[PDB]
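S.K.: Attaching a single structure in C-alpha coordinates format; questions to follow.
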Amino acid sequence: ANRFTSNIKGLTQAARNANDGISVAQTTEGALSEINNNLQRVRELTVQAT
Amino acid sequence: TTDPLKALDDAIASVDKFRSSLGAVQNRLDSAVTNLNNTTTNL
Amino acid sequence: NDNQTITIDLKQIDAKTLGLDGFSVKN
(Lines give C-alpha, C1' and ligand atoms only; values in the text may rest on other atoms or scores of the structure.)
Protein backbone atom coordinates (compact mmCIF):
# COMPACT_ATOMS: atom_id res chain seq x y z
CA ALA A 1 0.00 0.00 0.00
CA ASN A 2 2.93 2.34 0.62
CA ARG A 3 4.01 1.54 -2.93
CA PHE A 4 0.53 2.38 -4.26
CA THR A 5 0.59 5.65 -2.31
CA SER A 6 3.90 6.64 -3.88
CA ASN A 7 2.70 5.57 -7.33
CA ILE A 8 -0.56 7.55 -7.05
CA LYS A 9 1.21 10.71 -5.91
CA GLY A 10 3.79 10.44 -8.69
CA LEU A 11 1.22 9.78 -11.41
CA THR A 12 -0.99 12.69 -10.35
CA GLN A 13 2.01 15.03 -10.27
CA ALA A 14 3.09 13.78 -13.71
CA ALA A 15 -0.34 14.57 -15.17
CA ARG A 16 -0.18 18.04 -13.61
CA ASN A 17 3.22 18.48 -15.26
CA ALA A 18 1.92 17.35 -18.66
CA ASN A 19 -0.74 20.05 -18.50
CA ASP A 20 2.10 22.60 -18.47
CA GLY A 21 3.50 21.19 -21.71
CA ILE A 22 0.03 21.43 -23.24
CA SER A 23 -0.04 25.11 -22.25
CA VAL A 24 3.41 25.70 -23.78
CA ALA A 25 2.27 24.11 -27.03
CA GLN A 26 -0.84 26.31 -27.13
CA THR A 27 1.12 29.52 -26.52
CA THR A 28 3.72 28.73 -29.17
CA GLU A 29 0.94 27.79 -31.61
CA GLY A 30 -0.64 31.20 -31.08
CA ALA A 31 2.68 32.91 -31.77
CA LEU A 32 3.15 30.79 -34.90
CA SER A 33 -0.34 31.71 -36.10
CA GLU A 34 0.47 35.40 -35.77
CA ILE A 35 3.69 34.87 -37.74
CA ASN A 36 1.73 32.98 -40.40
CA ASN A 37 -0.75 35.84 -40.77
CA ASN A 38 2.14 38.27 -41.21
CA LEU A 39 3.72 35.99 -43.82
CA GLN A 40 0.49 35.73 -45.82
CA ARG A 41 0.10 39.51 -45.80
CA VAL A 42 3.70 39.89 -46.97
CA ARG A 43 3.07 37.38 -49.76
CA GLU A 44 -0.01 39.27 -50.93
CA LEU A 45 1.91 42.55 -50.90
CA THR A 46 4.74 40.99 -52.93
CA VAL A 47 2.14 39.79 -55.45
CA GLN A 48 0.80 43.34 -55.65
CA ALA A 49 4.33 44.74 -56.01
CA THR A 50 5.67 42.43 -58.75
CA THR B 1 21.85 14.18 -8.51
CA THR B 2 21.62 11.36 -11.06
CA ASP B 3 18.73 8.87 -11.00
CA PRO B 4 16.89 10.54 -8.08
CA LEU B 5 13.61 8.65 -8.10
CA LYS B 6 15.20 5.20 -7.99
CA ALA B 7 17.28 6.22 -4.96
CA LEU B 8 14.14 7.55 -3.28
CA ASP B 9 12.39 4.23 -3.92
CA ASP B 10 15.40 2.40 -2.49
CA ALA B 11 15.26 4.48 0.70
CA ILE B 12 11.50 3.96 1.06
CA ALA B 13 11.88 0.20 0.68
CA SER B 14 14.78 0.20 3.15
CA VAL B 15 12.68 1.88 5.84
CA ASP B 16 9.74 -0.41 5.02
CA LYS B 17 11.98 -3.43 5.68
CA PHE B 18 12.80 -2.20 9.18
CA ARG B 19 9.14 -1.43 9.89
CA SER B 20 8.07 -4.92 8.81
CA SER B 21 10.75 -6.59 10.93
CA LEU B 22 9.66 -4.53 13.93
CA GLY B 23 6.02 -5.51 13.44
CA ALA B 24 6.95 -9.18 13.24
CA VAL B 25 8.80 -8.79 16.53
CA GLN B 26 5.71 -7.17 18.09
CA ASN B 27 3.61 -10.16 17.07
CA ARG B 28 6.20 -12.55 18.52
CA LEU B 29 6.29 -10.62 21.80
CA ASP B 30 2.49 -10.67 22.10
CA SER B 31 2.46 -14.43 21.55
CA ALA B 32 5.13 -14.78 24.24
CA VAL B 33 3.09 -12.73 26.70
CA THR B 34 0.02 -14.90 26.11
CA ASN B 35 1.96 -18.13 26.62
CA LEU B 36 3.55 -16.78 29.80
CA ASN B 37 0.16 -15.82 31.24
CA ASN B 38 -1.20 -19.30 30.57
CA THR B 39 1.89 -20.93 32.08
CA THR B 40 1.69 -18.75 35.20
CA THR B 41 -1.96 -19.66 35.72
CA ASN B 42 -1.25 -23.38 35.34
CA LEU B 43 1.75 -23.33 37.68
CA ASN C 1 10.04 6.61 -12.31
CA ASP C 2 13.10 8.13 -14.00
CA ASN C 3 13.35 8.80 -17.75
CA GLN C 4 9.61 9.24 -18.30
CA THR C 5 9.77 12.21 -20.64
CA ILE C 6 7.93 13.38 -23.75
CA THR C 7 10.14 15.51 -25.98
CA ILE C 8 8.98 18.86 -27.37
CA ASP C 9 11.12 20.36 -30.12
CA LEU C 10 11.43 24.14 -30.38
CA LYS C 11 12.84 25.65 -33.58
CA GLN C 12 14.27 29.17 -33.68
CA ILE C 13 12.01 30.98 -36.16
CA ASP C 14 13.12 34.41 -37.40
CA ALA C 15 14.12 36.23 -40.57
CA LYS C 16 17.63 34.75 -40.62
CA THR C 17 16.42 31.16 -40.06
CA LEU C 18 13.68 31.51 -42.70
CA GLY C 19 15.68 32.80 -45.67
CA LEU C 20 13.92 36.18 -45.48
CA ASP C 21 17.05 38.07 -44.42
CA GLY C 22 17.51 41.15 -46.59
CA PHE C 23 14.30 40.62 -48.55
CA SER C 24 13.83 43.61 -50.85
CA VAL C 25 11.57 44.41 -53.79
CA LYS C 26 13.35 47.61 -54.81
CA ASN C 27 16.80 48.90 -55.73
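We label chains A, B, ... in the order they appear in the C-alpha coordinates, count residues from 1 in each chain, and number ligands from 1 in the order shown.
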Residues of chain A within 9 Å of chain B, counting only C-alpha atoms - could you list those as a ChimeraX atom specification?
M.R.: /A:2-3,6
S.K.: Could you list, as a count of residues only, every residue of chain A that has an atom within 9 Å of an atom of chain C, counting only C-alpha atoms?
M.R.: 9
S.K.: Mind pulling up the distance from atom CA of residue 17 of chain B to atom CA of residue 1 of chain A?
M.R.: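 For atom CA of residue 1 of chain A relative to atom CA of residue 17 of chain B, the distance reads 13.7 Å.
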S.K.: Counting only C-alpha atoms, which residues of chain B come no farther than 10 Å from chain C, as a PyMOL selection string?
M.R.: chain B and resi 2-6+8-9
S.K.: Go ahead and write the selection's residues with N, CA and C atoms as an mmCIF file, in the first residue's frame.
M.R.:
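That gives us again21.cif:
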data_model
loop_
_atom_site.group_PDB
_atom_site.id
_atom_site.type_symbol
_atom_site.label_atom_id
_atom_site.label_comp_id
_atom_site.auth_asym_id
_atom_site.auth_seq_id
_atom_site.Cartn_x
_atom_site.Cartn_y
_atom_site.Cartn_z
ATOM 1 N N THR B 2 21.997 12.238 -9.959
ATOM 2 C CA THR B 2 21.618 11.361 -11.055
ATOM 3 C C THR B 2 20.718 10.243 -10.543
ATOM 4 N N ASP B 3 19.719 9.890 -11.347
ATOM 5 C CA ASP B 3 18.734 8.871 -11.004
ATOM 6 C C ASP B 3 18.118 9.103 -9.619
ATOM 7 N N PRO B 4 17.402 10.215 -9.424
ATOM 8 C CA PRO B 4 16.894 10.539 -8.083
ATOM 9 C C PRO B 4 15.783 9.612 -7.615
ATOM 10 N N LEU B 5 14.820 9.357 -8.501
ATOM 11 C CA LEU B 5 13.606 8.654 -8.104
ATOM 12 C C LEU B 5 13.908 7.223 -7.679
ATOM 13 N N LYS B 6 14.837 6.559 -8.368
ATOM 14 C CA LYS B 6 15.197 5.196 -7.990
ATOM 15 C C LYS B 6 15.848 5.160 -6.611
ATOM 16 N N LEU B 8 15.232 7.316 -4.217
ATOM 17 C CA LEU B 8 14.136 7.551 -3.283
ATOM 18 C C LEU B 8 13.349 6.270 -3.025
ATOM 19 N N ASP B 9 13.066 5.508 -4.086
ATOM 20 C CA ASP B 9 12.387 4.227 -3.920
ATOM 21 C C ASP B 9 13.216 3.270 -3.075
#
S.K.: Between atom CA of residue 21 of chain B and atom CA of residue 8 of chain A, measure the distance and give it in Å to one decimal.
M.R.: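 Value for the atom CA of residue 21 of chain B-atom CA of residue 8 of chain A distance: 25.5 Å.
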S.K.: Work out how far apart atom CA of residue 28 of chain B and atom CA of residue 43 of chain B are and give it in Å to one decimal.
M.R.: 22.4 Å
